[PDB]
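Enquirer: I am sharing coords-v6.tsv, which consists of TSV, C-alpha atoms:
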```
chain	number	residue	atom	x	y	z
A	1	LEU	CA	-160.21	-246.01	152.05
A	2	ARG	CA	-163.94	-246.66	152.41
A	3	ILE	CA	-165.78	-249.60	150.90
A	4	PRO	CA	-167.60	-248.53	147.68
A	5	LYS	CA	-171.42	-248.34	147.75
A	6	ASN	CA	-171.83	-250.79	144.86
A	7	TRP	CA	-169.50	-253.40	146.38
A	8	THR	CA	-170.90	-256.55	148.01
A	9	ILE	CA	-169.77	-259.44	150.22
A	10	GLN	CA	-168.35	-262.20	148.04
A	11	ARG	CA	-167.67	-264.38	151.10
A	12	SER	CA	-167.93	-264.48	154.90
A	13	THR	CA	-165.93	-266.63	157.35
A	14	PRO	CA	-167.58	-268.50	160.24
A	15	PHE	CA	-167.00	-267.32	163.83
A	16	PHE	CA	-163.44	-267.65	165.08
A	17	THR	CA	-162.21	-267.73	168.68
A	18	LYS	CA	-158.90	-268.53	170.39
A	19	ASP	CA	-160.00	-272.17	170.14
A	20	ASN	CA	-160.48	-272.57	166.41
A	21	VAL	CA	-158.97	-269.57	164.63
A	22	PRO	CA	-156.79	-270.29	161.54
A	23	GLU	CA	-153.11	-269.56	162.24
A	24	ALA	CA	-153.04	-267.69	158.93
A	25	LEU	CA	-155.00	-264.73	160.37
A	26	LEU	CA	-152.95	-264.52	163.57
A	27	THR	CA	-149.89	-263.89	161.40
A	28	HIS	CA	-148.47	-260.92	159.54
A	29	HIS	CA	-150.27	-261.17	156.17
A	30	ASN	CA	-152.37	-259.12	153.73
A	31	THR	CA	-155.83	-259.21	152.12
A	32	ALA	CA	-156.68	-260.06	148.51
A	33	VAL	CA	-155.48	-257.84	145.67
A	34	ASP	CA	-158.83	-256.04	145.44
A	35	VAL	CA	-160.80	-257.04	148.51
A	36	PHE	CA	-161.81	-255.19	151.67
A	37	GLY	CA	-161.58	-257.17	154.89
A	38	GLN	CA	-164.29	-256.27	157.40
A	39	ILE	CA	-163.63	-257.66	160.91
A	40	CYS	CA	-166.66	-257.82	163.24
A	41	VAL	CA	-166.23	-258.54	166.93
A	42	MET	CA	-169.16	-260.27	168.60
A	43	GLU	CA	-167.39	-260.75	171.92
A	44	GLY	CA	-164.11	-259.87	173.63
A	45	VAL	CA	-161.40	-257.85	171.99
A	46	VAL	CA	-159.50	-258.02	168.76
A	47	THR	CA	-156.41	-255.85	168.37
A	48	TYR	CA	-155.46	-254.88	164.82
A	49	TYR	CA	-151.88	-254.04	163.85
A	50	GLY	CA	-151.29	-252.46	160.46
A	51	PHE	CA	-148.00	-251.99	158.59
A	52	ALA	CA	-147.04	-249.53	155.84
A	53	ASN	CA	-145.75	-252.39	153.66
A	54	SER	CA	-144.49	-255.96	153.83
A	55	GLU	CA	-141.07	-254.80	155.05
A	56	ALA	CA	-142.00	-252.62	158.05
A	57	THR	CA	-141.09	-254.14	161.43
A	58	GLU	CA	-143.17	-251.72	163.52
A	59	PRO	CA	-146.88	-251.06	162.97
A	60	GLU	CA	-148.03	-247.70	161.63
A	61	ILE	CA	-151.48	-248.30	163.13
A	62	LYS	CA	-152.99	-250.09	166.08
A	63	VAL	CA	-156.77	-250.36	166.46
A	64	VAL	CA	-158.63	-251.98	169.35
A	65	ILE	CA	-161.94	-253.52	168.21
A	66	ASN	CA	-164.52	-254.21	170.93
A	67	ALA	CA	-167.68	-256.29	170.85
A	68	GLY	CA	-170.37	-254.61	168.76
A	69	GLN	CA	-167.81	-252.87	166.53
A	70	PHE	CA	-165.97	-253.66	163.30
A	71	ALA	CA	-162.86	-252.37	161.53
A	72	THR	CA	-162.09	-252.70	157.83
A	73	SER	CA	-158.85	-253.69	156.15
A	74	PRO	CA	-158.15	-251.99	152.79
A	75	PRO	CA	-157.14	-254.16	149.79
A	76	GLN	CA	-153.49	-255.29	149.83
A	77	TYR	CA	-152.77	-253.74	153.25
A	78	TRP	CA	-150.49	-255.78	155.56
A	79	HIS	CA	-151.75	-256.55	159.08
A	80	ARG	CA	-151.90	-258.86	162.03
A	81	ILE	CA	-154.57	-259.40	164.67
A	82	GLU	CA	-154.39	-260.56	168.30
A	83	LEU	CA	-157.41	-261.85	170.16
A	84	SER	CA	-158.30	-261.65	173.85
A	85	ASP	CA	-159.09	-265.06	175.45
A	86	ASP	CA	-162.84	-264.49	175.02
A	87	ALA	CA	-162.71	-263.07	171.50
A	88	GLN	CA	-165.35	-264.13	168.96
A	89	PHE	CA	-165.25	-262.59	165.49
A	90	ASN	CA	-165.82	-263.18	161.83
A	91	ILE	CA	-164.64	-261.47	158.66
A	92	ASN	CA	-166.67	-260.35	155.70
A	93	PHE	CA	-164.83	-259.86	152.40
A	94	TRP	CA	-166.14	-257.20	150.01
A	95	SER	CA	-165.21	-257.06	146.32
A	96	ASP	CA	-166.58	-257.26	142.75
B	1	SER	CA	-175.88	-255.02	175.44
B	2	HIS	CA	-176.56	-256.51	172.00
B	3	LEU	CA	-177.41	-260.22	172.18
B	4	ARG	CA	-174.59	-262.57	171.19
B	5	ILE	CA	-175.04	-264.82	168.21
B	6	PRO	CA	-173.74	-268.32	169.13
B	7	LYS	CA	-170.29	-269.24	167.71
B	8	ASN	CA	-171.63	-272.24	165.74
B	9	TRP	CA	-173.95	-270.09	163.63
B	10	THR	CA	-173.06	-269.09	160.06
B	11	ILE	CA	-174.06	-266.40	157.59
B	12	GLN	CA	-176.55	-267.67	154.99
B	13	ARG	CA	-177.17	-264.43	153.10
B	14	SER	CA	-175.97	-260.82	153.18
B	15	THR	CA	-177.59	-257.71	151.77
B	16	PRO	CA	-175.80	-255.09	149.68
B	17	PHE	CA	-175.33	-251.57	151.05
B	18	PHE	CA	-178.46	-249.48	151.58
B	19	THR	CA	-179.10	-245.73	151.98
B	20	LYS	CA	-182.28	-243.62	152.16
B	21	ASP	CA	-181.92	-243.72	148.38
B	22	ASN	CA	-182.53	-247.43	147.71
B	23	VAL	CA	-183.45	-249.08	151.00
B	24	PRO	CA	-186.20	-251.74	150.77
B	25	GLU	CA	-189.43	-250.40	152.29
B	26	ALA	CA	-189.78	-253.65	154.22
B	27	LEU	CA	-187.09	-252.53	156.69
B	28	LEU	CA	-188.76	-249.20	157.37
B	29	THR	CA	-191.81	-250.92	158.84
B	30	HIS	CA	-192.51	-253.88	161.11
B	31	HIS	CA	-190.63	-257.03	160.23
B	32	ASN	CA	-188.84	-259.87	161.95
B	33	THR	CA	-186.26	-262.48	160.99
B	34	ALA	CA	-187.52	-265.98	160.17
B	35	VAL	CA	-187.21	-268.88	162.62
B	36	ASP	CA	-183.60	-269.78	163.48
B	37	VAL	CA	-182.38	-266.59	161.80
B	38	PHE	CA	-180.37	-263.96	163.69
B	39	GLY	CA	-180.09	-260.54	162.09
B	40	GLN	CA	-176.96	-258.38	162.19
B	41	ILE	CA	-177.10	-254.70	161.13
B	42	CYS	CA	-173.69	-253.16	160.31
B	43	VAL	CA	-173.62	-249.40	159.94
B	44	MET	CA	-170.86	-248.41	157.55
B	45	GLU	CA	-171.71	-244.71	157.58
B	46	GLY	CA	-174.19	-242.35	159.20
B	47	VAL	CA	-176.75	-243.41	161.79
B	48	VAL	CA	-179.37	-246.14	161.87
B	49	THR	CA	-181.98	-246.13	164.61
B	50	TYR	CA	-183.41	-249.47	165.73
B	51	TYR	CA	-186.93	-249.93	167.16
B	52	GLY	CA	-187.96	-253.21	168.76
B	53	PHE	CA	-191.43	-254.47	169.71
B	54	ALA	CA	-192.67	-257.02	172.24
B	55	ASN	CA	-194.79	-258.71	169.55
B	56	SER	CA	-196.40	-258.53	166.14
B	57	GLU	CA	-199.09	-256.09	167.26
B	58	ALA	CA	-197.20	-253.94	169.78
B	59	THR	CA	-197.63	-250.29	168.81
B	60	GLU	CA	-195.10	-248.50	171.02
B	61	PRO	CA	-191.43	-249.71	171.17
B	62	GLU	CA	-190.06	-251.65	174.11
B	63	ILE	CA	-186.52	-250.87	172.98
B	64	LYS	CA	-184.71	-248.17	171.05
B	65	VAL	CA	-181.06	-248.46	169.97
B	66	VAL	CA	-178.94	-245.90	168.03
B	67	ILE	CA	-176.30	-247.59	165.86
B	68	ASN	CA	-173.40	-245.48	164.59
B	69	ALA	CA	-170.77	-246.05	161.91
B	70	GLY	CA	-168.32	-248.81	162.90
B	71	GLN	CA	-170.96	-250.50	165.03
B	72	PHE	CA	-173.45	-253.29	164.54
B	73	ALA	CA	-176.57	-254.56	166.31
B	74	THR	CA	-178.32	-257.93	166.39
B	75	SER	CA	-182.00	-258.89	166.26
B	76	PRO	CA	-182.90	-262.37	167.56
B	77	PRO	CA	-185.12	-264.85	165.63
B	78	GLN	CA	-188.75	-263.72	165.05
B	79	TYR	CA	-188.30	-260.50	167.03
B	80	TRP	CA	-190.40	-257.66	165.54
B	81	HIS	CA	-188.63	-254.36	164.74
B	82	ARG	CA	-188.08	-251.58	162.23
B	83	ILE	CA	-185.17	-249.35	161.37
B	84	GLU	CA	-184.94	-245.63	160.66
B	85	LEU	CA	-182.15	-244.00	158.64
B	86	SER	CA	-180.25	-240.70	158.82
B	87	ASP	CA	-179.70	-238.74	155.60
B	88	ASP	CA	-176.16	-240.10	155.07
B	89	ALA	CA	-176.74	-243.58	156.50
B	90	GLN	CA	-175.03	-246.49	154.75
B	91	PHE	CA	-175.60	-250.04	156.04
B	92	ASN	CA	-176.15	-253.70	155.27
B	93	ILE	CA	-177.46	-256.80	156.99
B	94	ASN	CA	-176.07	-260.27	157.52
B	95	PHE	CA	-178.45	-263.14	158.27
B	96	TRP	CA	-176.96	-265.86	160.44
B	97	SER	CA	-178.40	-269.28	161.19
B	98	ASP	CA	-177.43	-272.52	162.94
B	99	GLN	CA	-179.33	-274.36	160.21
B	100	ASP	CA	-179.11	-274.43	156.43
B	101	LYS	CA	-181.52	-271.77	155.19
B	102	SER	CA	-180.89	-271.98	151.45
B	103	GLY	CA	-184.08	-271.39	149.48
B	104	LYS	CA	-186.12	-270.44	152.54
B	105	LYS	CA	-187.25	-267.00	153.72
B	106	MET	CA	-184.92	-264.80	155.77
B	107	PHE	CA	-187.48	-262.27	156.98
B	108	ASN	CA	-191.24	-261.74	157.31
B	109	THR	CA	-193.16	-258.50	156.80
B	110	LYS	CA	-196.52	-257.08	157.88
```
Would you encode the structure as C-alpha cells?

Expert:
Amino acid sequence: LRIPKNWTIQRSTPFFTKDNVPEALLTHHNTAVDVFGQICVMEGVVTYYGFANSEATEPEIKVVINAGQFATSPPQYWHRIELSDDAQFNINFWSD
Amino acid sequence: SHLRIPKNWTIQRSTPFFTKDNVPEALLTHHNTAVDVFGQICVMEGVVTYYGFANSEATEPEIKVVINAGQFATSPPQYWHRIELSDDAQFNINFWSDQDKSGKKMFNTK
C-alpha cells in the first residue's frame, strides 16, 4: 500500500529517543483503523518488524530504517520497532 | 550529511503532497524557511533535486542534493534554496520549530 495523493497528516508526534519514547510504540501493536504511519529517522537506526496479523509469532517483514530515511506502516498492520541507542525519530500519521 | 534537527523541536505545520501538477511555484524558485524554522522535505515517490545558496543573492548553487523516494532532507532556518521535481515526483514538507509558530510565516520568497 502507498499513501493516497489526497491524504494529509492529521497529526505528528514529537521526536522520540531511547530516553523518552512511549512504551506503547516499542511493543507489538497496530496503527489506527484507517491511518498510515510514517516513521522518519533523523539519527541512528530504527528496526521495523511487521506481522501478518495479531496472532503471528514471527515477523513476515523486517526493515532497517537509517537516518535520512522513512518507512510507512499501512492502516491496521501489526508491528513493533526497536531503536539503536542513538535513535531519534518521529511519526507522521496520514488519514482523512 | 543532512543537518540534524534538535530533538526538542516540534512540527508546527505540514504541507499536503505535491507533484509537478500542483506544486506551489514558490518552491521552484529561491525561498528560505523563516527564523527558527527547520524545513524537512520527504520524497514519497520519484525524485526531488535540492539546490542551496550561500545567501539571498547567490546565483550559482553551493550545494546540490538528490533526494529519492523513502528519503528526506533538511534545510536550516533562513537558508536560501529551491527544489526541482522529476515527472513522477511526489513529496511534502514538514516545518519544525523550537518555538510556537502559530499564525506566523513559515517561509519567505523572492

Enquirer: Check every residue of chain A for an atom within 9 Å of chain B, counting all atoms listed in the file, and provide those that qualify as number ranges by chain.

Expert: A: 2-9, 12-17, 40, 42-43, 67-72, 88-89

Enquirer: Could you turn the residues from that selection into a file that holds C-alpha atoms, as a PDB file, in the frame of the given file?

Expert:
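Okay, out.pdb is ready:
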```pdb
ATOM      1  CA  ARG A   2    -163.940-246.660 152.410  1.00  0.00           C
ATOM      2  CA  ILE A   3    -165.780-249.600 150.900  1.00  0.00           C
ATOM      3  CA  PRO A   4    -167.600-248.530 147.680  1.00  0.00           C
ATOM      4  CA  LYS A   5    -171.420-248.340 147.750  1.00  0.00           C
ATOM      5  CA  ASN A   6    -171.830-250.790 144.860  1.00  0.00           C
ATOM      6  CA  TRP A   7    -169.500-253.400 146.380  1.00  0.00           C
ATOM      7  CA  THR A   8    -170.900-256.550 148.010  1.00  0.00           C
ATOM      8  CA  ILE A   9    -169.770-259.440 150.220  1.00  0.00           C
ATOM      9  CA  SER A  12    -167.930-264.480 154.900  1.00  0.00           C
ATOM     10  CA  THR A  13    -165.930-266.630 157.350  1.00  0.00           C
ATOM     11  CA  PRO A  14    -167.580-268.500 160.240  1.00  0.00           C
ATOM     12  CA  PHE A  15    -167.000-267.320 163.830  1.00  0.00           C
ATOM     13  CA  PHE A  16    -163.440-267.650 165.080  1.00  0.00           C
ATOM     14  CA  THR A  17    -162.210-267.730 168.680  1.00  0.00           C
ATOM     15  CA  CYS A  40    -166.660-257.820 163.240  1.00  0.00           C
ATOM     16  CA  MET A  42    -169.160-260.270 168.600  1.00  0.00           C
ATOM     17  CA  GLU A  43    -167.390-260.750 171.920  1.00  0.00           C
ATOM     18  CA  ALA A  67    -167.680-256.290 170.850  1.00  0.00           C
ATOM     19  CA  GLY A  68    -170.370-254.610 168.760  1.00  0.00           C
ATOM     20  CA  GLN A  69    -167.810-252.870 166.530  1.00  0.00           C
ATOM     21  CA  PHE A  70    -165.970-253.660 163.300  1.00  0.00           C
ATOM     22  CA  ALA A  71    -162.860-252.370 161.530  1.00  0.00           C
ATOM     23  CA  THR A  72    -162.090-252.700 157.830  1.00  0.00           C
ATOM     24  CA  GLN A  88    -165.350-264.130 168.960  1.00  0.00           C
ATOM     25  CA  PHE A  89    -165.250-262.590 165.490  1.00  0.00           C
TER      26      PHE A  89
END
```

Enquirer: When you look at residue B:63 with a cut-off of 7 Å (counting only C-alpha atoms), what residues show up, excluding the ones that are within fewer than 3 positions of it in the same chain? I need them as an MDAnalysis selection string.

Expert: chainID B and resid 51:53

Enquirer: Emit the selected residues as a short mmCIF file (atom, residue, chain, number, x, y, z; two decimals), keeping the file's coordinate frame, including C-alpha atoms.

Expert:
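Listed below is the output, again.cif:
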```
data_model
loop_
_atom_site.label_atom_id
_atom_site.label_comp_id
_atom_site.auth_asym_id
_atom_site.auth_seq_id
_atom_site.Cartn_x
_atom_site.Cartn_y
_atom_site.Cartn_z
CA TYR B 51 -186.93 -249.93 167.16
CA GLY B 52 -187.96 -253.21 168.76
CA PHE B 53 -191.43 -254.47 169.71
#
```

Enquirer: Mind listing as a list in words all residues within 9 Å of (-181.7, -244.2, 156.2), counting only C-alpha atoms?

Expert: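 The residues near that point, listed by chain and number, are residues 18, 19, 20, 21, 23, 28, 46, 47, 48, 49, 83, 84, 85, 86, 87, 88, 89, 90 and 91 of chain B.
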
Enquirer: Take the residues that were just selected and, keeping C-alpha atoms, output them as a compact mmCIF listing (two decimals), in the coordinates of the input.

Expert:
```txt
# COMPACT_ATOMS: atom_id res chain seq x y z
CA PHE B 18 -178.46 -249.48 151.58
CA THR B 19 -179.10 -245.73 151.98
CA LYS B 20 -182.28 -243.62 152.16
CA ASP B 21 -181.92 -243.72 148.38
CA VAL B 23 -183.45 -249.08 151.00
CA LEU B 28 -188.76 -249.20 157.37
CA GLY B 46 -174.19 -242.35 159.20
CA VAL B 47 -176.75 -243.41 161.79
CA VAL B 48 -179.37 -246.14 161.87
CA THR B 49 -181.98 -246.13 164.61
CA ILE B 83 -185.17 -249.35 161.37
CA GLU B 84 -184.94 -245.63 160.66
CA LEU B 85 -182.15 -244.00 158.64
CA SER B 86 -180.25 -240.70 158.82
CA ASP B 87 -179.70 -238.74 155.60
CA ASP B 88 -176.16 -240.10 155.07
CA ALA B 89 -176.74 -243.58 156.50
CA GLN B 90 -175.03 -246.49 154.75
CA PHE B 91 -175.60 -250.04 156.04
```

Enquirer: Mind checking which residues fall within 9 Å of stretch 59-64 of chain A, counting all atoms listed in the file, ignoring those fewer than 6 positions away in the same chain, and posting them as a count of residues only?

Expert: 10

Enquirer: For residue A:31, find every residue with an atom within 7 Å (counting all atoms listed in the file), except residues of its own chain fewer than 6 positions away, and show them as JSON, numbers by chain.

Expert: {"A": [37, 75, 76, 77]}

Enquirer: Please write the residues from the selection above to a file, keeping C-alpha atoms, as a tab-separated table (two decimals), in the frame of the given file.

Expert:
```tsv
chain	number	residue	atom	x	y	z
A	37	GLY	CA	-161.58	-257.17	154.89
A	75	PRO	CA	-157.14	-254.16	149.79
A	76	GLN	CA	-153.49	-255.29	149.83
A	77	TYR	CA	-152.77	-253.74	153.25
```

Enquirer: With distances taken over all atoms listed in the file, which residue among B:97, B:31, B:40, B:75 lies nearest residue B:57?

Expert: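 For residue B:57, the nearest of the given residues is B:31.
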
Enquirer: Atom CA of residue B:77 and atom CA of residue B:26 are how many Å apart?

Expert: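 Separation of atom CA of residue B:77 and atom CA of residue B:26: 16.7 Å.
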
Enquirer: With 5 Å on each side, where is the centre of the axis-aligned box around all listed atoms of stretch 30-38 of chain A, and how long are its edges in Å to one decimal, as JSON?

Expert:
```
{"center_x": -158.3, "center_y": -257.6, "center_z": 151.4, "size_x": 21.9, "size_y": 14.9, "size_z": 22.0}
```

Enquirer: Enter the distance from atom CA of residue A:41 to atom CA of residue A:11, in Å, rounded to one decimal.

Expert: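 About the pair atom CA of residue A:41 and atom CA of residue A:11: they are 16.9 Å apart.
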
Enquirer: Point out the residue among B:100, B:25, B:62, B:36 with the least atom-to-atom distance to residue B:81, counting only C-alpha atoms.

Expert: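 Once distances to residue B:81 are computed over only C-alpha atoms, the minimum belongs to B:62.
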
Enquirer: What is the distance between atom CA of residue B:107 and atom CA of residue B:50, in Å to one decimal?

Expert: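 Separation between atom CA of residue B:107 and atom CA of residue B:50: 16.0 Å.
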
Enquirer: Using all atoms listed in the file, which residue out of A:80, A:21, A:95, A:58 lies closest to residue A:33?

Expert: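 Between A:80, A:21, A:95, A:58, the residue approaching residue A:33 most closely is A:95.
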